[PDB]
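Quick heads-up: it's one chain on its own, the form deposited in one PDB entry, in structure tokens.
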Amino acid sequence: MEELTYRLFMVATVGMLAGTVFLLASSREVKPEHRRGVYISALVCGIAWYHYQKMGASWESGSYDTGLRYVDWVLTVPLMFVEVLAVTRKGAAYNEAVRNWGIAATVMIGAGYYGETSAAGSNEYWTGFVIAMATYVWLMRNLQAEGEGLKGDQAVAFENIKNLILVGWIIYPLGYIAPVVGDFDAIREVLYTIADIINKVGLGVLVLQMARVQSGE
């Protein structure tokens, strides 16, 4: 398990870089007015690339720092919401949701960090899990309600974005609890890594697809 976890960190590092530069190279495929989300998706993968290089080194040392993962999350999750909410909102409605969902994400990630750095299975560990889970469910319920009025190819492309988040983000609470299900500390890190690749590279691909649709392709 320890070597598998290291290898996955190394592969994910190159994968985040590939996502970054793939998305940048692909921006010419859509109209200028629809490139912003693609560029933000590239920024998300680029920040992740930076932190994945650090996480692989940290894991390899034998004294791993989950703070690297959590700082990456706290910076990137609000950016992902910026991309999502721009599809359905502008102006006042956009500003309100970006702020409120960003605050919620920060609470979720901070509660998780508090719990994960507590003794596994302790009241503190479960306190962080429960607070994070409630905030997560609030976010997912808000997301489900977004764009329910859309029709046509834009509706389908937005539903694909929503579904990636609604399904893919379940991996994170599963990773968080893995170490109390078995001798699975490394499996937490495996699951977080797989999740970050799926969610960050996948969202970028789907934001690019949305931009193709918005461009009339």
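Think of the rigid core as the biggest set of C-alphas that the two forms share within 1.5 Å after superposition. In this text, residue numbers run from 1 along the sequence as written.
This next part talks about the form deposited in another entry, which is not shown.
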Quick check on the comparison between the shown form and the other one: with the core aligned, only one of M140, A86, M133, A111 should show a Cα shift of at least 2 Å. Which one is it?
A86
Given a superposition on the rigid core, I'd like a yes or no on whether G152 shifts its C-alpha by 2 Å or more between the shown form and the other one.
no
Quick one: core overlaid, is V180 moving 2 Å or more at the Cα between the shown form and the other one?
yes
Large Cα shift (2 Å or above) at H34 between the shown form and the other one, core-fitted
yes
